[PDB]
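What follows is a set of notes on a single structure, which appears directly below.
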Amino acid sequence: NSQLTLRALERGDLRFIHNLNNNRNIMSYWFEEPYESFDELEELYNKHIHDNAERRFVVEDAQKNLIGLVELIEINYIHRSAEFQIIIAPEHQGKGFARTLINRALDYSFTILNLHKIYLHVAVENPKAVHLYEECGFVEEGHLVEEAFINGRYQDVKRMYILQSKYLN
Amino acid sequence: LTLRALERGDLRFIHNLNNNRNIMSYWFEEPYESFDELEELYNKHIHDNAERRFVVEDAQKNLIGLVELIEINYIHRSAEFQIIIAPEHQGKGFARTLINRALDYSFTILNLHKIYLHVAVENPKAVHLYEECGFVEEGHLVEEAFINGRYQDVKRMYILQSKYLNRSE
Amino acid sequence: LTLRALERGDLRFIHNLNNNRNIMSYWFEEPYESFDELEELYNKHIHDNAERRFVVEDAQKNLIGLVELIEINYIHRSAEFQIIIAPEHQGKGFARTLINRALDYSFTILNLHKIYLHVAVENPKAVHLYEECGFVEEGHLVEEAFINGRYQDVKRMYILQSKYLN
Amino acid sequence: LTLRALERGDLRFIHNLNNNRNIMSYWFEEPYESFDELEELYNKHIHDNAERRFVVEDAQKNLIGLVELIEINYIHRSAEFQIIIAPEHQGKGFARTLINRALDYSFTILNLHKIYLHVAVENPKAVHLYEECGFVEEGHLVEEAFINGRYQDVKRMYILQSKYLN
Amino acid sequence: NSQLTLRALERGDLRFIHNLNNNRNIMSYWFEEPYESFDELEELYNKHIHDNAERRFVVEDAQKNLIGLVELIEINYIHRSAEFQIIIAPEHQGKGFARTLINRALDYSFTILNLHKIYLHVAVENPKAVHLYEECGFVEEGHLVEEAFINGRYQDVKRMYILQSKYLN
Amino acid sequence: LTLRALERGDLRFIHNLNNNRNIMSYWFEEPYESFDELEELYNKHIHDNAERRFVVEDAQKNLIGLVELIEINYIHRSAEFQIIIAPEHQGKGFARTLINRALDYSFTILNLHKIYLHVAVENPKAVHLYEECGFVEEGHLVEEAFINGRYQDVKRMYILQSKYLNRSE
Amino acid sequence: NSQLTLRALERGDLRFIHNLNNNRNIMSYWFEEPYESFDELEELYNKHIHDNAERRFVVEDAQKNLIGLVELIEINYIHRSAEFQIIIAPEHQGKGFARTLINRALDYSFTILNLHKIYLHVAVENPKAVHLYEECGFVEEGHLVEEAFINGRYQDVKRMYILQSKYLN
Amino acid sequence: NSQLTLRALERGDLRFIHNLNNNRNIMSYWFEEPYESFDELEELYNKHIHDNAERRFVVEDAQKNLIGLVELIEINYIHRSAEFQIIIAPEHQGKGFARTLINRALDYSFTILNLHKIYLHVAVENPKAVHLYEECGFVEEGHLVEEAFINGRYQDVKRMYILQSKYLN
Amino acid sequence: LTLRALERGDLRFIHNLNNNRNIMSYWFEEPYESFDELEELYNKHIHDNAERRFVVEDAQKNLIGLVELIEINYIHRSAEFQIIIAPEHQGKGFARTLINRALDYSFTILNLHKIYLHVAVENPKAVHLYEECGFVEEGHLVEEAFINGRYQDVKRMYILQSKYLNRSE
Amino acid sequence: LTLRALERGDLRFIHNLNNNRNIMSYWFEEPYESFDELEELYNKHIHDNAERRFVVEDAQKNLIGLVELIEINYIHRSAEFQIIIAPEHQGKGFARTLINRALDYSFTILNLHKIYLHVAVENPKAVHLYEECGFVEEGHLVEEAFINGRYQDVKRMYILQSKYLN
Amino acid sequence: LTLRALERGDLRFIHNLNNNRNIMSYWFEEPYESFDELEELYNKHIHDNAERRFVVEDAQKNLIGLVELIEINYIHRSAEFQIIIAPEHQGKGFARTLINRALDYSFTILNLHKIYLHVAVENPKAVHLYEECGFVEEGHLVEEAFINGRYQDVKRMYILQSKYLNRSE
Amino acid sequence: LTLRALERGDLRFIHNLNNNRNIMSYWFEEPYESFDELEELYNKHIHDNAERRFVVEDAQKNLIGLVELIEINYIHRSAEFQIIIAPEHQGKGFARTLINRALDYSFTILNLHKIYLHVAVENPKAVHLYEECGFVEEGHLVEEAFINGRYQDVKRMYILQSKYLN
């Protein structure tokens with residue numbers, strides 16, 4: 001876990017992004033723009049190469065095996081907020097990397113960019129994921145009713161947050 | 001009461017409404033403060049369908065207020081609702097009528113499934129007004145906004161298409 | 001009654017016709033609501049030949065209604081027809097004379113083979129008028145349009161160049 | 001069989017599928033014939049969401065066919081469906097499993113209400129297969145398509161999100 | 001007739017072009033581009049302001065009454081050819097202006113631009129117009145079968161020509 | 001025999017065909033003489049539907065000739081036909097087969113009503129070849145082209161959709 | 001003083017900006033771009049209409065007499081900093097407006113944009129201006145040696161600051 | 001001589017153009033644009049790829065040895081004129097190719113493009129070149145005094161011409 | 001008499017001058033016939049220094065004529081001269097004065113070495129007028145222009161800088 | 001007398017000053033003659049800092065003359081100076097007060113080290129005035145300018161920031 | 001030791017240097033984190049002279065570090081200095097040599113008058129290093145930067161052109 | 001020795017000549033330092049005729065030096081001259097033969113009247129060589145160049161087309 005490294009996303013890593021969106025049954029977005037094919041993603045990356053609303057970091061190990069991804073979106077510098085998301089490759093989902101990657105993301109958000117609040121969304125029907133984030137410091141602030149259409153049915157999603165104060169202290 | 005799509009001529013009425021608010025005003029997720037800044041971003045997003053705004057005026061062309069629909073996603077069929085009545089006609093009882101006619105357009109024309117909005121916790125008069133129109137609280141965002149030199153909480157209330165169109169049946 | 005090619009000055013009348021229809025208005029398969037959005041869309045598609053619109057006006061030049069041809073396909077030689085008469089002169093019985101001249105332009109100048117249209121099921125009076133003008137049903141599209149918070153069926157009627165020109 | 005988002009490298013397979021169809025091919029309602037014209041049209045509409053195409057391939061990744069969604073309207077939540085299987089694997093009975101997955105993507109992710117398609121009248125075998133997949137006729141378009149020097153009728157069949165998702 | 005004058009077509013004259021195409025029941029073209037409304041014509045004129053494939057001259061009298069129009073299209077300088085057309089306002093069609101305007105057009109084509117051949121097209125069912133051109137020097141060179149779709153039916157058109165040699169001698 | 005839409009790679013084969021002609025070659029009514037001039041105008045009119053060209057090749061990719069459809073008007077439903085067989089396979093009897101397959105595409109796919117072509121009067125072998133395929137003379141254009149230092153006449157022959165599809169019925 | 005109002009800068013106010021830069025003997029900048037004439041300023045305003053690095057507010061009284069100007073430049077949202085400047089018309093310089101305009105600017109910076117630190121620069125040879133700012137809450141943090149070339153000689157400038165904490169408490 | 005062939009100028013031939021302008025001590029032009037380096041020529045060729053005012057043909061033999069160049073400039077299709085020029089490589093200047101290349105150029109000008117007059121310019125101090133052209137059919141029409149600045153001194157140049165009539169008869 | 005650089009407002013006066021000529025008028029080697037065609041090409045070549053034109057007017061703003069310098073080459077230091085006096089003031093004896101003042105600008109400001117012009121052989125009055133001003137015939141171009149349906153000859157006369165500035169010394 | 005930054009409205013006065021000079025006028029090292037050519041060149045170089053021009057006007061705002069700085073180099077900190085007074089107020093002795101204020105702007109705000117200028121040899125009165133203002137000759141350029149059909153010599157005079165600011 | 005202007009090929013070496021810093025890196029006042037983001041902003045500001053950077057390498061092309069000059073104002077003749085030596089050659093004593101050669105370029109080539117820099121107060125080793133090279137403290141910016149989750153102070157040191165070039169005289 | 005028009009491939013040699021000069025290098029009056037900045041500036045001014053540069057190379061094609069003409073004015077017919085020889089072949093005495101051919105191109109093809117140049121005062125050996133080639137001083141520019149932290153004087157020498165062509 002300590003060997004894991006985070007690196008700024010490069011064009012070469014777009015293939016890894018495409019592979020991770022396979023068999024997830026949810027439309028993928030790139031700066032709030034839908035995409036499906038590798039070519040559509042590559043164009044959207046070239047377009048938003050300069051945008052500051054989102055940042056992404058690839059997660060690798062010592063031997064540079066692509067572990068997962070860390071995304072920050074809806075980044076606002078006036079209110080100092082950002083939506084956090086994390087995607088771990090299926091082959092590494094059950095190895096406990098998630099917790100460390102969550103602290104790595106909070107570290108980058110609250111120590112460098114100096115953001116005030118980090119919020120995230122979790123499906124209500126994955127309580128193990130909710131409890132994980134709670135053990136990491138997050139806490140619920142909303143229960144969005146029928147917010148996401150997942151697998152052919154509207155579903156609720158928990159919005160949980162954590163402030164810069166608690167993480168730094 | 002009559003609702004009309006916003007024309008470029010009504011932009012000044014929007015700027016005037018933003019004078020008393022004392023909050024950072026946005027136009028398609030882009031900050032603005034001068035009337036000229038607004039007019040240019042209006043010419044830029046005249047075709048963008050991510051947001052739609054309607055100005056309401058009396059029978060004889062007395063502009064009363066404004067209703068806005070932002071963060072419009074036609075895949076999730078959602079949108080954020082907001083309304084601002086001029087201080088002149090603020091307490092004449094026009095609010096609820098504009099709200100219902102806004103939700104009517106969202107649920108009968110655009111065929112949207114969910115409509116949410118945000119209100120500061122320090123103004124319970126608005127919280128009860130929307131709750132009287134069918135909105136229900138789905139979140140209590142902690143320290144979401146920075147108002148007058150302090151971080152404050154925000155209530156997120158919602159209303160669904162099914163309820164608005166089938167409740168009296 | 002006289003039909004005239006749609007000009008930029010008539011876009012105001014278009015915006016008024018869409019004032020009380022309770023359905024999203026399109027311009028070359030692109031939505032719009034405000035007069036400014038329409039004016040820009042017109043200047044964008046001013047040369048696109050996939051759609052053609054004529055304004056019908058009285059002898060005094062008082063605008064009466066509108067006739068539109070959309071989805072114009074010159075390979076299969078077909079196009080969709082739509083007609084909107086102002087509420088002021090809706091029941092003056094002018095509708096038929098407008099439908100005929102429209103079909104005349106379609107089958108005499110543009111040289112199109114088929115002309116279809118869509119009419120709501122819950123408005124049988126329009127179905128009869130169209131039928132009496134020469135149209136015949138060819139489809140009962142199920143839940144094709146979302147009107148007033150509920151999907152509704154729509155009848156698709158057609159008319160060939162042969163029946164109008166013998 | 002596995003469906004994959006259409007890439008630029010697959011445009012060659014598209015041009016081969018259109019090789020022996022005897023009808024003009026379109027890309028976002030724009031005609032084309034050569035592989036160069038198609039490649040430019042794709043780069044032009046690479047971000048347009050009005051159409052979506054998936055390539056179906058074997059376990060060995062041998063391309064088998066194509067499934068397309070066109071006329072995608074997110075307001076009325078509808079789209080037209082089309083499927084083309086290569087002649088090599090036309091009669092292997094895979095057609096049904098392709099139609100279902102397509103409807104699955106339409107009604108599970110994009111959240112569309114209706115899906116319609118058009119099939120020639122003189123090919124009843126396709127009408128039966130579509131019917132057995134869940135489709136039901138809603139229109140008999142008269143002389144809607146010009147095939148082999150003669151206008152021919154076309155049946156329009158539909159299927160709602162309700163029947164597929166209960 | 002001798003008082004008639006020909007002038008290069010200006011933007012202001014586009015209204016006269018539009019008025020002449022009323023009740024002619026044939027699609028109007030501007031540099032092989034279809035148009036119907038005044039605005040569509042004005043745009044096409046601005047576009048082809050510089051093109052050399054076609055020239056047009058307005059026909060006026062002493063008191064500047066708009067008499068008609070003289071068009072040269074499909075102008076090719078390698079083969080030295082051009083298709084001639086003439087449109088006279090309905091109020092002046094039966095006053096004998098046509099003959100002089102035909103000589104004026106031939107004069108400009110064979111004396112200035114120095115073209116070799118001028119051809120034109122006439123409906124087979126207007127023999128009075130054919131005989132007119134023959135009396136002016138033209139002669140048939142083709143009987144195009146079902147070349148034009150006029151008033152709801154394909155119709156034949158006579159193609160008649162005349163060379164620079166005969167006009168100059 | 002197999003007809004294929006012309007790709008950019010076949011442009012050299014077109015230039016080679018224009019070597020023996022000794023006539024000004026055009027591309028969408030634009031003159032060209034160098035292979036590079038052709039390639040640039042090809043990139044310019046790749047989307048223009050006013051003309052369509054097909055290259056025919058043997059069973060094992062031996063490019064034989066070319067068939068062209070120019071002046072395509074989808075309102076009048078007309079088009080000018082032309083065919084050029086390489087000097088290698090010139091007298092192998094492939095012409096009539098390419099002609100019929102060209103008219104078949106024009107009358108069954110594009111749904112055109114009339115197809116005309118042009119041939120020099122000084123090559124009666126071509127005049128009889130087309131006449132054997134259904135074409136009929138509709139015009140004898142006098143001094144229409146300038147060939148080898150002299151003005152020559154040109155025959156315009158035509159064939160209709162009705163005849164091509166209904167004659168053997 | 002209490003009647004003074006601050007308004008977002010509009011294009012019409014550019015004339016007031018030009019008048020204030022008269023007889024100040026220092027090159028004027030607009031988003032770090034030099035200018036002298038009214039036309040050069042107007043162009044630079046149109047260019048940076050959308051930039052977020054600087055904001056400016058016109059200062060008016062009850063009767064809308066142009067009092068002065070309030071400028072925020074070098075605005076950085078990551079470090080939350082901004083350089084403050086104030087220009088009062090010569091006819092209003094000795095009426096005590098400065099103090100209130102300083103609090104108005106700090107109010108907008110620390111209560112809306114939520115910035116952490118506001119710094120400014122003062123000529124060392126204007127101690128009355130330095131003492132003013134100190135009485136307003138500022139304090140020196142640097143004595144830049146020969147930083148500005150004023151009136152034909154390099155001169156030192158005091159850099160004084162104040163944090164959001166003290167102003168809000 | 002009979003084996004010589006003329007080919008339309010291609011981009012690959014621009015190196016031959018550059019080599020021929022070596023040690024000629026006169027500024028080279030490309031569509032009335034000066035150039036010296038290979039890169040400047042290549043850009044000007046890409047620019048005027050489509051211009052019709054000039055045409056150029058490379059002269060090769062049976063074994064494709066680059067013999068010379070044939071240039072037509074100032075081509076006007078209204079007056080039907082063109083300035084002719086010919087450049088033979090130094091290794092082939094004294095082999096009698098000039099005469100045949102002159103007839104080849106006249107053949108292309110008077111038989112294909114159908115031009116009326118071909119004029120050329122010759123230095124007065126090269127009478128052998130003047131007599132050559134006279135033997136080819138040209139004749140003097142002007143003695144331009146101090147028209148060209150050659151090798152550090154203004155010099156006269158003979159303008160000689162020939163019409164399409166004499167060449168064709 | 002006073003010469004003034006041509007402004008856009010004088011373009012109509014140029015078009016009027018081209019009415020009586022009955023010859024193809026050009027603007028930077030580009031044909032034009034309508035006033036709008038002229039105005040657009042004027043906006044296109046406002047910066048082109050290949051040609052320069054001056055309008056002359058009386059003491060009280062009575063526009064008399066025009067003098068033009070075209071084909072200006074600053075390497076060879078040459079230019080073609082032409083002058084057109086309105087038919088109103090045609091025979092008032094102003095020509096020679098405008099000519100000398102044109103050559104004065106060419107030889108004293110632009111520092112040109114040679115000035116040539118062209119005149120039809122069928123107007124000896126102009127030939128003698130220029131010859132009286134210092135011009136000398138250097139060429140008799142045979143069938144250079146096509147005037148009123150016939151090819152005619154043109155005289156090219158010239159005058160040198162040395163003569164114009166040193167002859168009376 | 002008051003100097004003001006050159007505006008677009010003053011371009012007319014510029015064109016009048018060049019009316020009777022008998023020499024080609026330049027704008028940012030680009031020739032021009034007509035007011036339209038100048039107006040476009042100004043809009044092109046409105047942000048170029050290589051040149052700066054001030055209009056001097058009376059108390060009544062009657063334009064008197066012009067002062068220009070060209071070839072402005074901020075690395076070597078130098079610039080060429082030129083002054084043109086209208087013929088109406090040429091001999092009113094205002095020239096000196098204009099030269100000084102110009103040098104003041106060059107050496108007090110822009111922080112330039114050297115300022116040079118060029119004056120014809122055949123006009124010694126201007127050479128004296130410049131000399132009396134602080135300038136000193138540094139070059140006798142031989143046949144550098146072509147004036148009235150003959151190359152003429154030009155004197156280049158200079159002045160440093162040190163002599164003006166002690 | 002040899003200093004060289006930075007080429008596009010050296011951009012990767014810059015990104016590597018920014019890995020160990022753990023601070024937001026900028027390029028012409030624009031944030032970046034990915035190598036591709038850097039490369040695009042490099043192509044954008046290749047002409048911008050507001051900043052200049054030099055890469056230093058050993059005698060045999062061993063890239064050691066980088067020296068940067070930003071906020072270059074040629075009117076005030078100032079600039080901010082910064083240097084980053086790779087961790088490999090960090091403590092080899094190369095720093096002072098690169099500093100002096102940077103100030104030499106700033107004071108002898110660009111002819112700048114003042115050079116300032118910034119250093120964190122929590123690294124006195126750098127403060128003394130610059131002080132040993134001639135830099136003197138002119139400011140102690142309080143809570144200027146946000147480093148590792150806390151606001152920290154920054155020292156601004158400066159050195160003048162006169163001192164660097166005249167002190168040993 | 002042979003002079004050749006400067007190509008894009010020679011820009012590398014240009015960047016090497018500027019490697020050890022200790023002064024800012026310009027390209028069409030625009031500063032640059034890196035090879036990438038120079039390559040873009042060349043493509044920008046590849047057609048500008050205000051400057052012309054020739055590369056001089058040996059018989060073996062080993063690059064020896066460079067000759068440049070800048071500030072080319074075709075109205076007054078003048079231009080500034082500069083020559084740079086690589087340190088490898090600086091003292092081989094080739095300098096004179098290069099200066100002559102340059103002046104030959106200026107006065108034989110471009111038809112220019114005057115050619116001036118600038119040489120530092122503290123390098124009298126170059127002043128003598130230029131003088132022996134035909135140049136004559138016409139100006140002693142005072143503190144015109146900032147070299148090695150100190151303003152230095154520069155001599156401006158000239159040569160007319162008449163003296164070179166009699």
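Ordered as shown in the structure tokens, chains take letters A, B, and onward, while each chain numbers its residues from 1 and ligands are numbered from 1 in the order shown.
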Residue list for chain E near chain I as a PyMOL selection string, 7 Å, only C-alpha atoms: chain E and resi 8-10+49-50+110-112+168
Per residue of chain A within 12 Å of chain G, record the nearest atom pair and its distance in Å to one decimal, counting only C-alpha atoms, with rows in chain order and ascending residue number, as CSV.
```
residue,atom,partner,partner_atom,distance
A:52,CA,G:78,CA,11.4
A:75,CA,G:78,CA,11.7
A:76,CA,G:77,CA,9.7
A:77,CA,G:77,CA,6.0
A:78,CA,G:113,CA,6.0
A:79,CA,G:114,CA,7.9
A:80,CA,G:77,CA,9.1
A:109,CA,G:78,CA,11.1
A:110,CA,G:78,CA,11.3
A:111,CA,G:78,CA,11.0
A:112,CA,G:78,CA,8.5
A:113,CA,G:78,CA,6.0
A:114,CA,G:78,CA,6.9
A:115,CA,G:78,CA,8.6
A:116,CA,G:114,CA,11.3
```
Just the helix (DSSP H, G or I) stuff from range 27-112 of chain J, please, per backbone DSSP, written as an MDAnalysis selection string. chainID J and resid 35:44 87:89 95:108
Which neighbours of range 115-131 of chain I fall inside 7 Å, counting only C-alpha atoms, when residues of the same chain fewer than 3 positions from it are skipped, and could you give them as a ChimeraX atom specification? /I:78-82,134-136,153-160
For those residues, write N, CA and C atoms to a file as a PDB file, in the first residue's frame.
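File part_23.pdb, as written:
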```
ATOM      1  N   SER I  78       9.849  50.364 -62.003  1.00  0.00           N
ATOM      2  CA  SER I  78       9.019  50.667 -63.159  1.00  0.00           C
ATOM      3  C   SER I  78       7.573  50.820 -62.707  1.00  0.00           C
ATOM      4  N   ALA I  79       6.715  51.206 -63.650  1.00  0.00           N
ATOM      5  CA  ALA I  79       5.289  51.347 -63.383  1.00  0.00           C
ATOM      6  C   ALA I  79       4.553  51.771 -64.647  1.00  0.00           C
ATOM      7  N   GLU I  80       3.315  51.314 -64.804  1.00  0.00           N
ATOM      8  CA  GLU I  80       2.487  51.694 -65.939  1.00  0.00           C
ATOM      9  C   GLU I  80       1.606  52.872 -65.546  1.00  0.00           C
ATOM     10  N   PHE I  81       1.573  53.889 -66.399  1.00  0.00           N
ATOM     11  CA  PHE I  81       0.843  55.119 -66.132  1.00  0.00           C
ATOM     12  C   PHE I  81      -0.434  55.157 -66.959  1.00  0.00           C
ATOM     13  N   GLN I  82      -1.484  55.732 -66.378  1.00  0.00           N
ATOM     14  CA  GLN I  82      -2.738  55.938 -67.086  1.00  0.00           C
ATOM     15  C   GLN I  82      -3.479  57.090 -66.427  1.00  0.00           C
ATOM     16  N   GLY I 134       7.079  64.392 -73.099  1.00  0.00           N
ATOM     17  CA  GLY I 134       8.341  63.697 -72.926  1.00  0.00           C
ATOM     18  C   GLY I 134       8.303  62.213 -73.234  1.00  0.00           C
ATOM     19  N   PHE I 135       7.130  61.636 -73.475  1.00  0.00           N
ATOM     20  CA  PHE I 135       7.037  60.210 -73.753  1.00  0.00           C
ATOM     21  C   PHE I 135       7.505  59.902 -75.170  1.00  0.00           C
ATOM     22  N   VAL I 136       8.113  58.728 -75.329  1.00  0.00           N
ATOM     23  CA  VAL I 136       8.657  58.280 -76.603  1.00  0.00           C
ATOM     24  C   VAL I 136       8.197  56.852 -76.849  1.00  0.00           C
ATOM     25  N   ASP I 153      -4.109  47.362 -82.529  1.00  0.00           N
ATOM     26  CA  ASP I 153      -2.749  47.554 -82.050  1.00  0.00           C
ATOM     27  C   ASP I 153      -2.723  48.593 -80.934  1.00  0.00           C
ATOM     28  N   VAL I 154      -1.636  48.578 -80.167  1.00  0.00           N
ATOM     29  CA  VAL I 154      -1.463  49.475 -79.031  1.00  0.00           C
ATOM     30  C   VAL I 154      -0.030  49.985 -79.025  1.00  0.00           C
ATOM     31  N   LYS I 155       0.127  51.285 -78.790  1.00  0.00           N
ATOM     32  CA  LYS I 155       1.439  51.907 -78.696  1.00  0.00           C
ATOM     33  C   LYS I 155       1.872  51.954 -77.237  1.00  0.00           C
ATOM     34  N   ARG I 156       3.113  51.550 -76.973  1.00  0.00           N
ATOM     35  CA  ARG I 156       3.703  51.633 -75.640  1.00  0.00           C
ATOM     36  C   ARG I 156       4.775  52.716 -75.663  1.00  0.00           C
ATOM     37  N   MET I 157       4.519  53.811 -74.956  1.00  0.00           N
ATOM     38  CA  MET I 157       5.454  54.919 -74.845  1.00  0.00           C
ATOM     39  C   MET I 157       6.023  54.965 -73.433  1.00  0.00           C
ATOM     40  N   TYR I 158       7.220  55.535 -73.307  1.00  0.00           N
ATOM     41  CA  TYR I 158       7.939  55.529 -72.043  1.00  0.00           C
ATOM     42  C   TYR I 158       8.625  56.869 -71.824  1.00  0.00           C
ATOM     43  N   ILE I 159       9.029  57.094 -70.577  1.00  0.00           N
ATOM     44  CA  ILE I 159       9.834  58.249 -70.198  1.00  0.00           C
ATOM     45  C   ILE I 159      10.666  57.853 -68.988  1.00  0.00           C
ATOM     46  N   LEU I 160      11.904  58.332 -68.946  1.00  0.00           N
ATOM     47  CA  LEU I 160      12.865  57.925 -67.933  1.00  0.00           C
ATOM     48  C   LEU I 160      13.023  59.001 -66.867  1.00  0.00           C
TER      49      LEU I 160
END
```
Using only C-alpha atoms, which protein or nucleic acid residues come within 12 Å of residue 102 in chain H? Drop anything in the same chain fewer than 5 positions from it, and give the result as a ChimeraX atom specification. /H:1,4,6,59,68-72,84-88,96-97,107-109,118,120,132-138,162,167
Polymer residues at most 12 Å from residue 90 in chain A, only C-alpha atoms, same-chain spacing of 3 or more positions, as JSON, numbers by chain: {"A": [19, 20, 21, 22, 23, 24, 66, 67, 68, 69, 87, 93, 94, 95, 97]}
Show me, as a compact mmCIF listing (two decimals) with C-alpha atoms, in the first residue's frame, the residues that have an atom within 9 Å of residue 108 in chain K when counting only C-alpha atoms, minus same-chain residues fewer than 6 positions from it.
```
# COMPACT_ATOMS: atom_id res chain seq x y z
CA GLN K 161 22.61 45.88 -11.52
CA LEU K 165 28.81 45.12 -12.06
CA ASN L 22 27.05 37.57 -25.82
CA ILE L 23 24.31 39.73 -27.33
CA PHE L 146 24.98 47.98 -24.45
CA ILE L 147 27.82 45.43 -24.49
CA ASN L 148 29.09 43.57 -21.41
CA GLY L 149 27.33 45.77 -18.89
CA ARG L 150 28.40 49.10 -20.39
```
Please, what distance in Å, to one decimal, runs between CA of residue 18 in chain E and CA of residue 62 in chain C?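 A separation of 20.7 Å between them.
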Do a neighbour search on residue 157 in chain D at 10 Å with only C-alpha atoms, toss out local chain neighbours closer than 6 positions, and write the hits as number ranges by chain. C: 141-142; D: 80-81, 115-119, 127, 130-131, 134-140
With a cut-off of 10 Å, could you pull out the residues of chain A touching chain D and give me the nearest pair of atoms for each, distance in Å to one decimal, using only C-alpha atoms, ordered by chain and ascending number, as CSV?
```
residue,atom,partner,partner_atom,distance
A:22,CA,D:4,CA,9.4
A:25,CA,D:109,CA,6.7
A:26,CA,D:109,CA,6.2
A:27,CA,D:109,CA,6.9
A:33,CA,D:47,CA,9.1
A:34,CA,D:49,CA,8.5
A:35,CA,D:47,CA,8.0
A:36,CA,D:5,CA,6.0
A:37,CA,D:5,CA,5.0
A:38,CA,D:7,CA,6.9
A:39,CA,D:7,CA,6.3
A:40,CA,D:46,CA,6.3
A:41,CA,D:47,CA,9.5
A:43,CA,D:46,CA,8.6
A:44,CA,D:47,CA,8.8
A:149,CA,D:109,CA,7.3
A:150,CA,D:109,CA,7.0
A:151,CA,D:108,CA,5.2
A:152,CA,D:108,CA,4.0
A:153,CA,D:108,CA,7.5
A:154,CA,D:111,CA,9.8
```
